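Chemist: Here it is: the structure, laid out below.
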Amino acid sequence: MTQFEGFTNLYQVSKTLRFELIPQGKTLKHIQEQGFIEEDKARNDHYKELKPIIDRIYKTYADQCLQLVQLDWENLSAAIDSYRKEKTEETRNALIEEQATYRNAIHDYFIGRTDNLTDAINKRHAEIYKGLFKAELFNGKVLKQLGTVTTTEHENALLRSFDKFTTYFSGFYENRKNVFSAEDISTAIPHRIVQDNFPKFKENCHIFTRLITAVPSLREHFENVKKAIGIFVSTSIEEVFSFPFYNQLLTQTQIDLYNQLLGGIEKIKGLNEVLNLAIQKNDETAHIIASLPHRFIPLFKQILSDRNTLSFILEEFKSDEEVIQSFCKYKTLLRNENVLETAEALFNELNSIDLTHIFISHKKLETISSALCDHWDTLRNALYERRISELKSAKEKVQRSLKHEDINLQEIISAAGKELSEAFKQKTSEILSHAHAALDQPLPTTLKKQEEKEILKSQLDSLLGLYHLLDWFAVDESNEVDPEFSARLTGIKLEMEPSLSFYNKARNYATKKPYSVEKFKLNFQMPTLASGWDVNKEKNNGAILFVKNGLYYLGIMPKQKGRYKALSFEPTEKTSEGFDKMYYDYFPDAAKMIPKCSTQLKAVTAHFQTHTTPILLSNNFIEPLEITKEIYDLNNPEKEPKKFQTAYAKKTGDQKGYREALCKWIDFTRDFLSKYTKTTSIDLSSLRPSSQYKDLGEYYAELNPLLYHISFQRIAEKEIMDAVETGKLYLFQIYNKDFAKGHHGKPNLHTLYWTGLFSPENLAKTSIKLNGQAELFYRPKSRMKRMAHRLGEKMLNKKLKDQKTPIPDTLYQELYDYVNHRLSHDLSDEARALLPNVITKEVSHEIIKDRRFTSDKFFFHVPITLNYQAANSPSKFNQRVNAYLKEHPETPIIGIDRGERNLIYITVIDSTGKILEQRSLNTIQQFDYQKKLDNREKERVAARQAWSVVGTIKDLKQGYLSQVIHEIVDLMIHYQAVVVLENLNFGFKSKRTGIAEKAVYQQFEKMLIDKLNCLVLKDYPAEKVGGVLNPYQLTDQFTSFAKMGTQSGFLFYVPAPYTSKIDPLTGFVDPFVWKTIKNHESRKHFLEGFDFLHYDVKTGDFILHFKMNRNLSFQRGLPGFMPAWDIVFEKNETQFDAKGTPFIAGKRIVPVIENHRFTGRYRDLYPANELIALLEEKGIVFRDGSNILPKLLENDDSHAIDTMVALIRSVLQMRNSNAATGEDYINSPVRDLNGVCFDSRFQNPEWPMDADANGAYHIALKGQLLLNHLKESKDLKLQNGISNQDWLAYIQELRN
RNA sequence: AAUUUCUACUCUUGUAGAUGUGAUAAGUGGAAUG
DNA sequence: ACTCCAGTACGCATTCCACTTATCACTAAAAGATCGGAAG
DNA sequence: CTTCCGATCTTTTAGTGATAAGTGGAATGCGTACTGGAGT
């Protein structure tokens, strides 16, 4: 038996906290006088421009070493094809171990331990490998080992600039450590060679040999595209695709050569294009290569190699003065090119040239009709009637078809008159006048003001207006053209063509977020600054914390002149006034630390190469510790698994020898813990005795929480004040919003973590561990045009008297300018309408717009570890969750969807299938979000064309789903329920949904999956489960989207389709795909595949019978549990809902179509009235109750069958929507067992309210299916996804 | 319209949620308009 | 013989911008370089 | 005057267990044009 509150302290999580540092006293003065910030910025710039220079060493070494690989690849091919054919865990393990040994085999080339090379070059490779990851990269022997690398004097001086500062690269050092590593990771070069590129090369070889065996006489074609491309001329085509050629093709140059062989580069085609050129021949060879996989796949780029196509550049133009200088250079380019003079010459020629020889492009003439007339349909209609006058529906159709392709100047002028010509010359004259006026206009000095943006807009709009006037004339050779005029037109067009990119980059610079977020790391001339907080390392790291009446401070102790002298604050009795300095006694994790200080020292290693006598170690020990051969040999074996390691027991299987080895290691490390001078005072009575341990990892996970302590001791106030006055100590205050003097409400979650870390119950028992490796950053002041609500002016809210609906920003700016009496425009009608509903304020204190970026700020990033008493990795988390779910069958289920009328809709249901709660997440914290997103979507185009700055729609839609997160976890905690989301990997949504993009909703599932694993609640007590020190852990760790499967703890995933178009009373879903009913005989086969249709007199509605064992051709291939269906054409009658609002039953809403195109408008129809009006044409007695379907089918009135099948589609359509009247409902065309059709307009609380509620209810029902199949199963596992047919069978089973 | 940072705001010199940072490498993809 | 029309058919186009997916560190102390100052 | 030594500041270094045992993988709808049969 397990409780829901028992899902806490499951595994460690790691978080980080960010704060602002506010310097106190003379701290900023001393820092500015010492000049630390400029030096650290220069050092960051030097590192940034040194990173490619130092990476060139690694790249050259990898390219030089990898060319010597002569390792054959038939064994991996056998392993991978055996695994592909057989597909068990045995072949999977064989493939894994073969990949591992080949990765180690080509890693032996990196470490110089392969047997394929000579011993001298192996020793050289080993020495250079030890060289690559130590400090000799800056002025050492590594460059002399690889003489090919040539370094200039400037980069050598900049390399020397990091003297005695190598540790800046230390993490970067280890970063290159997992580029060259061989342990099965995506960054590894051997992993890229073995498990990424080689399967693609094997696949390419296999499709090549299938193609060359099935289709001969194409080897010659492959040979001549090879010699046209001109690489690999030393060997033939089939040897290139053979396996030994992969002895080559490891360096990235040959990878690029192979890729450009496959896809060409002059336009010399490659293997891809000379295969689709054979495919398009549509002959027998094309047919037999069409059924055969014909797509060669390019190989992946090698790690750490330089990019060669550079993908697509993503050039964003950097600074405002630099784009101004670019615009000056461009304007001087048009000034020296004299574009105005040649444009004017074209204008004079246009009045004295044969206008029948100049043509106009097809897709833009309406814009000309939009310009030269009052409406854009005048020119086309005039040409239509003029071509009518020279003559019928096919005649005028082919007339307009030949019209728009070759629009002629003289033809248009003769069609309309001289009005277009005089308007044309007037427009060209004013366009060239404005263009030359803007060309003579000088550039502004800056761009920070909006009037500078406006004059830049005027210039660019004039120039692009000239461009859009100029590109009117057609120049292609499809029609005749004057040679010199077309040549001059092309010259002027491509002399000033690339201004479109300039316009778009200017738009991005105007649209971009005004702040600067760039920050550089600060060091204060300290290598390893604030790397750890340990009291012994306070000398070198120089970072400590203080607490003074609830305010937290960070003190850093800078290096003195030349040598450095410590401060060494003495502790003071707690009654005296002062700070509270934190003492941090931390021994790091024992797995590396116990061998660090014993059995791996140089003394013991040098001793044990000649003697078997145990060695006594005395320094850094309170009592000498003996190390003998039988304990040193356990940690230093020749074979790769150690005796105490569980891998040795897995490999060989002697359990008793492994047990003695583990017991001896535990006894030795206990003796070390008792004797080492750091940990001799740590109590270890909590540890279990040595023999009662299953494995060493359990012992280390038990021991590690005992080696971490935080204490606090009072330091006198005048001592700290004199330290920061003298300059010996720099004292900052940790600050965020919740430490302000006007702090009023609930604090942030990071402030909760920071406060609970230093709580006394955390100090007594550490549930949150304060980590080392803390960074300090500096953000310089961002150049901003300051905006502030000054004192004495009016200041406008963004909401009405009701708090839900916001104000559109286009109206909001006009209202804000009105209430501040700037005015300058007539007040709009909408503003005057909602003026009584708006609320204004008199300002009290000055509010600066985005004040945090108006000054330079110090920042402090510090990591913490939560649930630190627990293990570092989950162990069968999903099995534990399924065990709890099996023990508790009464758990509710919370279904999620996204919808059209509501952004997120939630339902909570019981295990019995009945509903408990239906809720729309439209309004979050008394604020409606659909109104805000609709307003933003409405004015996004206007904000785009007005050169204005506004937030995007992705940030609003990623900062509404953060508000959704709190409500989801509130419901989850309140109901103690599982939650079922949408499996985006399976389904695809529609184009009407609010949240419609897979990226920003996969991201929402990511936020929900990494929120639930460290869930804390603000209102909960700190001691109680769910508080700061006992967080809820309800989900497994996130790894990847495609790797987590369906169940991720208490948060199930389930496929999307068939959730919103199902009846919630009988499970009826759309049986017919309507892409196959397009023809007249298809319509009569659809009618003949139906059973029978009639009228009943008692209820007055039409009854139709259908069976899916008939009419399989147009039916979708999803059989159902039920074998028959009773489609009801409901008799439309004024019905009443629960609140008494009348409505009409059976109403349907469909798109309207002119003849073939939908207009986007909606028709409301009443199907029963339409069909009785249809049969009134026939005159058949429907009240007789006979089978009227053959009576309608016995005559071939095609239009009657067309409206019959369209009517059938309308009634059998499940959901109905109309955004104009706000209608959204589900109406059923069938009855249940009780004998009533479902209608969501009845507003019954026992059933879904609308389409969104129906979808969420059915997603929760799918989750119920998955949980029920868990409870019936005995293996504590799910089905790894649920099919649509099984879901349909289940939903039609339990509800019928 | 103020924030470690983001989103939305104003009874409140601030509010309600969310908030793993830094470094490196790779895949290349997403959005808009027709 | 001419014209309508309704079922049939084949195959996206350009422009613009950065988004996501894996890896590692979250460290005190041993070891080594360096240096101001002392011994021959 | 020349050579060595303990303090001091950087650097690099030790390394435990284990997990997926699957990857149900998606299907373009829209649109402008085409052509063969039927009415006049």
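By convention in this document, the chains of the structure tokens carry letters A, B, ... by their order, each chain's residues are numbered from 1, and ligands are numbered from 1 in the order they are shown.
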When DSSP works through the backbone of this structure, what residues of segment 479-646 of chain A end up as helix (DSSP H, G or I), shown as a PyMOL selection string?
Modeler: chain A and resi 483-495+499-511+536-538+590-597+602-607+629-635+646
Chemist: Can you tell me, as a list in words, what residues are no more than 10 Å from segment 749-754 of chain A when counting only C-alpha atoms (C1' of nucleotides), ignoring any on the same chain fewer than 5 positions away?
Modeler: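 The neighbour list is residues 15, 16, 17, 18, 19, 552, 735, 736, 737, 738, 739, 759, 768, 770, 864, 866, 1016, 1017, 1018, 1022, 1027, 1028 and 1029 of chain A; 4, 17, 18 and 19 of chain B.
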Chemist: Contacts of segment 19-33 of chain D at 10 Å or less, counting only C-alpha atoms (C1' of nucleotides), minus same-chain residues fewer than 6 places along, as a ChimeraX atom specification?
Modeler: /A:88-89,92,873-876,985-988,1042-1045,1055,1156-1157,1280-1284 /C:9-10,12
Chemist: Could you dump the residues just selected with N, CA and C atoms (P, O5', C5', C4', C3', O3' and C1' of nucleotides) as a CSV table (one decimal), in the first residue's frame?
Modeler:
chain,number,residue,atom,x,y,z
A,88,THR,N,15.8,-8.9,-31.9
A,88,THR,CA,15.7,-9.3,-30.5
A,88,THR,C,16.6,-8.5,-29.6
A,89,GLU,N,16.6,-8.7,-28.3
A,89,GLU,CA,17.5,-8.1,-27.4
A,89,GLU,C,18.9,-8.7,-27.5
A,92,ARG,N,20.5,-7.0,-30.5
A,92,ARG,CA,20.6,-5.6,-30.1
A,92,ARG,C,21.9,-5.4,-29.2
A,873,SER,N,19.4,9.4,-9.8
A,873,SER,CA,18.7,8.9,-11.0
A,873,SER,C,17.5,8.1,-10.5
A,874,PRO,N,16.4,8.2,-11.2
A,874,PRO,CA,15.2,7.4,-10.9
A,874,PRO,C,15.5,6.0,-11.2
A,875,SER,N,14.8,5.1,-10.5
A,875,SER,CA,14.9,3.6,-10.6
A,875,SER,C,13.5,3.1,-10.7
A,876,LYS,N,13.1,2.8,-12.0
A,876,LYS,CA,11.7,2.2,-12.2
A,876,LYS,C,10.6,3.2,-11.7
A,985,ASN,N,3.4,13.5,-31.7
A,985,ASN,CA,4.2,12.6,-32.5
A,985,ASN,C,3.3,11.7,-33.4
A,986,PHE,N,2.0,11.7,-33.1
A,986,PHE,CA,1.0,10.9,-33.8
A,986,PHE,C,0.1,11.7,-34.7
A,987,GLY,N,-0.6,12.6,-34.1
A,987,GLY,CA,-1.6,13.4,-34.8
A,987,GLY,C,-1.1,14.7,-35.3
A,988,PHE,N,-2.0,15.4,-36.0
A,988,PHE,CA,-1.8,16.7,-36.5
A,988,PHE,C,-3.1,17.5,-36.4
A,1042,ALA,N,10.8,11.8,-28.6
A,1042,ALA,CA,10.5,10.5,-29.2
A,1042,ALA,C,10.9,9.4,-28.4
A,1043,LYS,N,11.6,9.6,-27.3
A,1043,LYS,CA,12.2,8.6,-26.4
A,1043,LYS,C,11.4,8.3,-25.2
A,1044,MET,N,10.5,9.3,-24.7
A,1044,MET,CA,9.8,9.1,-23.5
A,1044,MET,C,8.5,8.2,-23.7
A,1045,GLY,N,8.1,7.9,-24.9
A,1045,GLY,CA,7.1,7.0,-25.1
A,1045,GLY,C,5.7,7.6,-25.0
A,1055,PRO,N,-2.7,9.4,-28.5
A,1055,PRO,CA,-2.9,10.0,-29.9
A,1055,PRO,C,-4.1,10.9,-30.0
A,1156,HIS,N,-17.2,25.9,-57.4
A,1156,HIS,CA,-16.2,24.9,-56.8
A,1156,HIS,C,-15.4,25.5,-55.7
A,1157,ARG,N,-15.3,26.8,-55.5
A,1157,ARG,CA,-14.5,27.4,-54.5
A,1157,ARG,C,-15.3,27.8,-53.3
A,1280,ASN,N,2.3,1.2,-25.1
A,1280,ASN,CA,3.2,1.9,-26.0
A,1280,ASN,C,2.4,2.6,-27.1
A,1281,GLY,N,1.3,3.1,-26.8
A,1281,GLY,CA,0.4,3.8,-27.8
A,1281,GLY,C,-0.8,2.9,-28.1
A,1282,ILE,N,-1.9,3.6,-28.4
A,1282,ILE,CA,-3.2,3.0,-28.6
A,1282,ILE,C,-3.7,3.3,-30.1
A,1283,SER,N,-4.1,2.3,-30.8
A,1283,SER,CA,-4.6,2.4,-32.2
A,1283,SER,C,-5.9,3.1,-32.2
A,1284,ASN,N,-6.3,3.6,-33.4
A,1284,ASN,CA,-7.6,4.2,-33.6
A,1284,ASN,C,-8.7,3.1,-33.6
C,9,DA,P,-8.8,11.6,-64.3
C,9,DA,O5',-7.8,12.9,-64.2
C,9,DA,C5',-7.4,13.6,-65.3
C,9,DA,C4',-6.2,14.4,-65.0
C,9,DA,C3',-5.2,13.8,-64.0
C,9,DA,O3',-3.9,14.1,-64.3
C,9,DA,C1',-6.0,15.9,-63.2
C,10,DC,P,-2.6,13.2,-63.9
C,10,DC,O5',-1.4,14.1,-64.2
C,10,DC,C5',-1.5,15.4,-64.8
C,10,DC,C4',-0.9,16.4,-63.8
C,10,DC,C3',0.2,15.9,-62.9
C,10,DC,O3',1.2,16.8,-62.8
C,10,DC,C1',-1.5,17.1,-61.7
C,12,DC,P,4.8,21.1,-58.9
C,12,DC,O5',5.0,20.6,-57.4
C,12,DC,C5',4.2,21.0,-56.3
C,12,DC,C4',4.0,22.5,-56.2
C,12,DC,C3',5.2,23.3,-55.8
C,12,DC,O3',6.0,23.7,-57.0
C,12,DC,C1',3.1,24.2,-55.0
Chemist: Could I get the residues of chain A with an atom no further than 6 Å from an atom of chain D, each paired with its nearest atom pair and that distance in Å to one decimal, using only C-alpha atoms (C1' of nucleotides), sorted by chain and residue number, as CSV?
Modeler:
residue,atom,partner,partner_atom,distance
A:591,CA,D:16,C1',5.6
A:592,CA,D:15,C1',4.6
A:596,CA,D:14,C1',4.4
A:697,CA,D:16,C1',4.8
Chemist: How would the residues just picked look written out with C-alpha atoms as a tab-separated table (two decimals), in the first residue's frame?
Modeler:
chain	number	residue	atom	x	y	z
A	591	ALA	CA	33.61	7.81	-5.68
A	592	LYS	CA	36.31	10.14	-6.97
A	596	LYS	CA	41.89	11.11	-5.02
A	697	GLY	CA	26.64	2.80	-5.80
Chemist: Calculated over only C-alpha atoms (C1' of nucleotides), which of the candidates A:544, A:823, A:601, A:1069 has the smallest distance to chain C?
Modeler: A:601
Chemist: Using 8 Å as the limit and counting only C-alpha atoms (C1' of nucleotides), can you tabulate each residue of chain A that touches chain B, with its shortest atom-to-atom distance in Å and the two atoms involved, as a tab-separated table?
Modeler:
residue	atom	partner	partner_atom	distance
A:14	CA	B:20	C1'	6.9
A:15	CA	B:20	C1'	4.8
A:16	CA	B:20	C1'	5.1
A:17	CA	B:4	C1'	7.5
A:18	CA	B:4	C1'	4.3
A:19	CA	B:4	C1'	4.2
A:20	CA	B:4	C1'	5.9
A:171	CA	B:23	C1'	6.9
A:172	CA	B:23	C1'	6.3
A:175	CA	B:24	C1'	6.0
A:176	CA	B:24	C1'	7.8
A:179	CA	B:25	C1'	7.8
A:186	CA	B:26	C1'	7.8
A:187	CA	B:25	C1'	5.8
A:303	CA	B:25	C1'	6.7
A:304	CA	B:25	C1'	7.0
A:736	CA	B:4	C1'	6.4
A:737	CA	B:3	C1'	6.6
A:742	CA	B:13	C1'	6.4
A:743	CA	B:14	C1'	7.3
A:744	CA	B:12	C1'	7.3
A:745	CA	B:15	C1'	7.4
A:750	CA	B:19	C1'	7.9
A:775	CA	B:22	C1'	7.8
A:797	CA	B:10	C1'	7.4
A:798	CA	B:9	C1'	7.7
A:845	CA	B:13	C1'	6.8
A:847	CA	B:2	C1'	6.0
A:848	CA	B:2	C1'	6.7
A:849	CA	B:1	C1'	6.7
A:850	CA	B:2	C1'	7.0
A:851	CA	B:2	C1'	7.0
A:852	CA	B:3	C1'	8.0
A:859	CA	B:4	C1'	7.4
A:861	CA	B:21	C1'	6.5
A:862	CA	B:21	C1'	7.7
A:863	CA	B:21	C1'	7.4
A:925	CA	B:16	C1'	6.9
A:955	CA	B:7	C1'	7.0
A:956	CA	B:7	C1'	6.2
A:958	CA	B:7	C1'	7.5
A:959	CA	B:7	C1'	4.2
A:960	CA	B:7	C1'	6.7
A:962	CA	B:18	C1'	5.1
A:963	CA	B:17	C1'	5.0
A:965	CA	B:18	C1'	7.6
A:966	CA	B:17	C1'	6.4
Chemist: Pull out every residue of chain C that has at least one atom within 8 Å of chain A, counting only C-alpha atoms (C1' of nucleotides), and report them as a PyMOL selection string.
Modeler: chain C and resi 3+7+17-18+22-30
Chemist: Return as a VMD selection string the full set of residues in segment 325-446 of chain A whose backbone-based DSSP assignment is strand (DSSP E).
Modeler: chain A and resid 359 to 360 407 to 408
Chemist: To one decimal place in Å, what is the distance between atom CA of residue 190 of chain A and atom CA of residue 110 of chain A?
Modeler: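 Interatomic distance here is 9.9 Å.
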Chemist: To one decimal in Å, tell me the separation between atom CA of residue 1035 of chain A and atom CA of residue 1013 of chain A.
Modeler: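 Answer for the atom CA of residue 1035 of chain A to atom CA of residue 1013 of chain A separation: 5.2 Å.
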Chemist: When you draw a straight line from atom CA of residue 515 of chain A to atom CA of residue 29 of chain A, how long is it in Å?
Modeler: 26.0 Å
Chemist: Please provide as a PDB file with C-alpha atoms (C1' of nucleotides), in the first residue's frame all residues within 12 Å of residue 5 of chain C, with the sequence filter that same-chain residues fewer than 5 positions apart are discarded (counting only C-alpha atoms (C1' of nucleotides)).
Modeler:
ATOM      1  CA  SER A 393     -18.075  31.481 -72.784  1.00  0.00           C
ATOM      2  CA  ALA A 394     -15.124  29.300 -73.786  1.00  0.00           C
ATOM      3  CA  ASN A1155     -19.461  26.609 -58.045  1.00  0.00           C
TER       4      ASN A1155
ATOM      5  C1'  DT D  35     -11.091  17.137 -71.978  1.00  0.00           C
ATOM      6  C1'  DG D  36     -14.735  14.074 -73.342  1.00  0.00           C
ATOM      7  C1'  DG D  37     -19.739  13.520 -73.465  1.00  0.00           C
ATOM      8  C1'  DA D  38     -24.176  15.810 -74.218  1.00  0.00           C
ATOM      9  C1'  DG D  39     -27.675  19.655 -75.788  1.00  0.00           C
TER      10       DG D  39
END
Chemist: Find the spatial neighbours of residue 3 of chain D, counting only C-alpha atoms (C1' of nucleotides), within a cut-off of 12 Å - ignore same-chain residues fewer than 3 positions away - and output them as a ChimeraX atom specification.
Modeler: /C:38-40
Chemist: Restricting the output to C-alpha atoms (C1' of nucleotides), write the selected residues as a PDB file, in the first residue's frame.
Modeler:
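What follows is the written file out.pdb:
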ATOM      1  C1'  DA C  38      68.430  32.818   2.251  1.00  0.00           C
ATOM      2  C1'  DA C  39      73.091  29.778   2.100  1.00  0.00           C
ATOM      3  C1'  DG C  40      77.853  28.733   0.070  1.00  0.00           C
TER       4       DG C  40
END
Chemist: So which residues touch residue 95 of chain A within 8 Å, counting only C-alpha atoms (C1' of nucleotides), skipping near sequence neighbours fewer than 3 positions away, as a list in words?
Modeler: residues 76, 79, 80, 83, 91, 92, 98 and 99 of chain A
Chemist: Write out, as an mmCIF file, in the first residue's frame, the residues just selected, with C-alpha atoms.
Modeler:
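In the end it all went to again-v6.cif:
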data_model
loop_
_atom_site.group_PDB
_atom_site.id
_atom_site.type_symbol
_atom_site.label_atom_id
_atom_site.label_comp_id
_atom_site.auth_asym_id
_atom_site.auth_seq_id
_atom_site.Cartn_x
_atom_site.Cartn_y
_atom_site.Cartn_z
ATOM 1 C CA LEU A 76 29.580 -4.050 -38.069
ATOM 2 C CA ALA A 79 25.925 -7.032 -36.754
ATOM 3 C CA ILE A 80 23.571 -4.354 -38.085
ATOM 4 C CA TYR A 83 19.878 -6.940 -35.856
ATOM 5 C CA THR A 91 21.153 -9.055 -31.546
ATOM 6 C CA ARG A 92 20.647 -5.576 -30.074
ATOM 7 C CA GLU A 98 30.232 -4.252 -31.758
ATOM 8 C CA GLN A 99 29.650 -0.503 -32.035
#
Chemist: Tell me which protein, DNA and RNA residues are within 12 Å of residue 40 of chain D, counting only C-alpha atoms (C1' of nucleotides), leaving out same-chain ones fewer than 4 positions away, and put them as an mmCIF file with N, CA, C and O atoms (P, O5', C5', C4', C3', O3' and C1' of nucleotides), in the first residue's frame.
Modeler:
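Ended up saving to result.cif:
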data_model
loop_
_atom_site.group_PDB
_atom_site.id
_atom_site.type_symbol
_atom_site.label_atom_id
_atom_site.label_comp_id
_atom_site.auth_asym_id
_atom_site.auth_seq_id
_atom_site.Cartn_x
_atom_site.Cartn_y
_atom_site.Cartn_z
ATOM 1 P P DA C 1 -20.620 16.741 -89.605
ATOM 2 O "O5'" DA C 1 -20.365 18.132 -88.857
ATOM 3 C "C5'" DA C 1 -20.039 19.296 -89.608
ATOM 4 C "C4'" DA C 1 -20.435 20.557 -88.858
ATOM 5 C "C3'" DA C 1 -19.503 20.952 -87.715
ATOM 6 O "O3'" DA C 1 -19.387 22.369 -87.649
ATOM 7 C "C1'" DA C 1 -21.674 20.561 -86.863
ATOM 8 P P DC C 2 -18.173 23.047 -86.842
ATOM 9 O "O5'" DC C 2 -18.889 23.765 -85.604
ATOM 10 C "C5'" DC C 2 -19.819 24.818 -85.836
ATOM 11 C "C4'" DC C 2 -20.459 25.285 -84.537
ATOM 12 C "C3'" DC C 2 -19.484 25.644 -83.418
ATOM 13 O "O3'" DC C 2 -19.925 26.825 -82.762
ATOM 14 C "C1'" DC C 2 -20.983 23.971 -82.665
ATOM 15 P P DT C 3 -18.933 27.645 -81.801
ATOM 16 O "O5'" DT C 3 -19.545 27.411 -80.344
ATOM 17 C "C5'" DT C 3 -20.915 27.705 -80.102
ATOM 18 C "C4'" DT C 3 -21.390 27.078 -78.802
ATOM 19 C "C3'" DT C 3 -20.517 27.364 -77.576
ATOM 20 O "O3'" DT C 3 -21.355 27.623 -76.459
ATOM 21 C "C1'" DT C 3 -20.808 25.056 -77.809
ATOM 22 P P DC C 4 -20.798 28.393 -75.163
ATOM 23 O "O5'" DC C 4 -21.359 27.522 -73.950
ATOM 24 C "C5'" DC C 4 -22.734 27.162 -73.921
ATOM 25 C "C4'" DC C 4 -22.966 25.928 -73.064
ATOM 26 C "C3'" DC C 4 -22.290 25.944 -71.695
ATOM 27 O "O3'" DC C 4 -23.183 25.415 -70.735
ATOM 28 C "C1'" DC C 4 -21.637 24.011 -72.873
#
